[PDB]
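Structure record follows, encoded as structure tokens.
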Amino acid sequence: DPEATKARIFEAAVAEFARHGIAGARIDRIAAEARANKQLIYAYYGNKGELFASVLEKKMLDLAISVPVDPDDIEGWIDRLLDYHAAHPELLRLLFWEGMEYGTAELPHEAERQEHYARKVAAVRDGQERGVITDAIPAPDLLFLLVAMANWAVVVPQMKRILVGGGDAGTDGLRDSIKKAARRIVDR
Amino acid sequence: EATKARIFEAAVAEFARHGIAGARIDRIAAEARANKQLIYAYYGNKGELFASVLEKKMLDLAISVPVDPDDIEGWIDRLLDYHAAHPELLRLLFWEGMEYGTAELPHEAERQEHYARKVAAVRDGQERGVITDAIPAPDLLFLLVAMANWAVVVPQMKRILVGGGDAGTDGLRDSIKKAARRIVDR
């Protein structure tokens, strides 16, 4: 299973995209690392852009299935989200490279990305309609801001380290602040 | 318009698009119309060059928009305005985070003081009871900054979620302020 060519390319692609981004990624390196010929990569994914889009989409589905947005347990959702990122740092890294490469332009799998968010937003909205979470802020914006506080530390680990100190006492302390902040934001 | 100024500018542009490891001194020299040796004469080495360039952009923002506990919403407005007008800062900060991770920074001491000052401004606001103290000053500053800057890290998520163009940008702005208030309100 993990020996299948498609699986090897997938994994090598992740590693390569994670380090060098989309433009800096080298198909040759991916091929070498996957012990697969360059033509095989194109046979399974068509082109570099499609390959990145596919790899990213899969990691996102994994997180979406493992940690669905849950308005009835904001704190538990935050805990699971933080745990996942710590256990799988490739996702956020790929997301950053994508943001840098495409900026505000349409994405290769634009439609699929739209649905991805429409579902998460719906989970937030449902919580608003049921009055479990504030509706002072729109559902999408609300989801975005909660995600911002949970992932910011990954973007600037030097800022986190210097502001809350290294060591578990800081990570854990921060996790606690994120949850207290999320509560104040969604309450009522 | 001296050469040190040209190198600085070229360095910014270079670091902004290629990061620290991917940055090329030759490119910076060519773009600055300055010999490679001159860059080392004025900044010593690539790492020192980056640290100097980043430190300067941060001092600029720090002086232009001080952490103000007595006007969190105005502070957020000015913060958002500044990043939109000077996108190099956040970009450089991301590259730095990716390059050093959790390791000591070249100008570690200077960075420490930088944050100690911002933290102090939030603390002061807590001590005066203008801002909640349910959350520690440092963490409080961090979370506020997170909401303000996350959109620049993932422009695609912002665009899809709150809409692109001025409508989306202005809507997120309002939400950021409302969220910040709920977080700090004593």
Side-chain angles (χ1 to χ4, degrees), chain A residues 20-21 24 92-93 95-96 98-100 102-107 110 113-114 116-118 120-121 134 136-166 170 173-174 176-178 180-182 184-188, chain B residues 17-19 22 90-91 93-94 96-105 108 111-112 114-116 118-119 132 134-136 138-165 171-172 174-176 178-180 182-185:
Chain A
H20 301 87
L92 290 182
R93 172 63 65 68
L95 200 68
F96 303 162
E98 176 180 66
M100 237 185 68
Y102 295 88
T104 51
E106 182 202 65
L107 296 176
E110 181 78 25
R113 193 63 69 79
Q114 287 284 330
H116 168 85
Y117 287 119
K120 297 180 70 172
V121 172
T134 177
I137 296 175
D141 302 23
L142 182 48
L143 167 71
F144 184 83
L145 295 180
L146 260 31
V147 172
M149 298 189 293
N151 304 168
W152 183 238
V154 183
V155 180
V156 294
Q158 75 278 55
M159 182 184 318
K160 168 191 175 179
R161 178 178 61 66
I162 298 180
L163 273 190
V164 73
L174 211 199
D176 173 56
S177 297
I178 292 164
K180 296 188 188 307
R184 332 240 301 171
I185 298 183
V186 308
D187 184 290
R188 279 157 54 179
Chain B
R17 72 170 67 71
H18 300 278
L90 251 22
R91 176 61 71 80
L93 199 61
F94 306 153
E96 175 179 270
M98 197 188 97
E99 173 69 31
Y100 299 79
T102 55
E104 189 187 0
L105 299 173
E108 182 69 26
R111 196 62 64 82
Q112 281 278 343
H114 168 79
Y115 290 116
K118 305 187 77 175
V119 167
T132 168
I135 297 177
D139 311 27
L140 201 15
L141 193 259
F142 192 79
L143 294 172
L144 241 42
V145 169
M147 297 191 291
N149 311 336
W150 180 243
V152 310
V153 178
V154 289
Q156 73 275 52
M157 180 183 182
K158 177 274 190 185
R159 200 251 306 163
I160 293 178
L161 271 187
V162 309
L172 223 203
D174 185 85
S175 300
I176 295 181
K178 285 168 156 57
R182 300 172 81 97
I183 289 173
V184 299
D185 273 1

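Protein chains get the first letters and strands the later ones, always in sequence-line order, with residue 1 at the start of each. Computed over heavy atoms, backbone and side chain alike; hydrogens, waters and symmetry mates excluded.
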- Item | Interface residue of largest heavy-atom contact number with chain B, from A/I178, A/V186, A/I137, under 4.5 Å | A/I137

- Message: Please give me the minimum heavy-atom distance between A/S177 and B/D139, naming the atom from each residue.
- Response: OG-OD2, 2.8 Å

- Item | Residue part contacting chain B, namely of A/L142, when any heavy atom lies under 4.5 Å | neither

- Query: So what's closer than 4.5 Å to chain A heavy atoms on B/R91: side chain, backbone, both or neither?
  - Reply: side chain

- Item | Residue list, side chain to side chain donor-acceptor pair (under 3.5 Å) with B/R159, at least two apart or on another chain | A/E110

- Side chain, backbone, both or neither: which part of B/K118 has an atom under 4.5 Å from a heavy atom of chain A? neither

- Task: Go through B/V162, B/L172, B/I160 and name the one with the most non-hydrogen pairs under 4.5 angstrom from chain A.
- Result: B/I160

- Task: Against chain A, work out which of B/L141, B/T132, B/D174 has the most heavy-atom pairs shorter than 4.5 Å and name it.
- Result: B/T132

- Any idea which heavy atoms bring B/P138 and A/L163 closest together, and the distance? CB-O, 3.2 Å

Indicate every side-chain donor-acceptor pair of residues 142-157 of chain B with a distance under 3.5 Å to a residue at least two apart or in another chain.
{"unit_1": "B/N149", "atom_1": "OD1", "unit_2": "B/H83", "atom_2": "NE2", "d": "3.2"}
{"unit_1": "B/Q156", "atom_1": "NE2", "unit_2": "A/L95", "atom_2": "O", "d": "3.1"}
{"unit_1": "B/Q156", "atom_1": "NE2", "unit_2": "A/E98", "atom_2": "OE1", "d": "2.9"}

- Item | B/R182 side-chain N/O to A/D187 backbone N/O, donor-acceptor pair under 3.5 Å | yes

- Item | Residue part contacting chain B, namely of A/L107, when any heavy atom lies under 4.5 Å | both

- Message: As an exercise: rank B/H18, B/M98, B/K178 by heavy-atom pairs under 4.5 Å with chain A and give me the winner.
- Response: B/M98

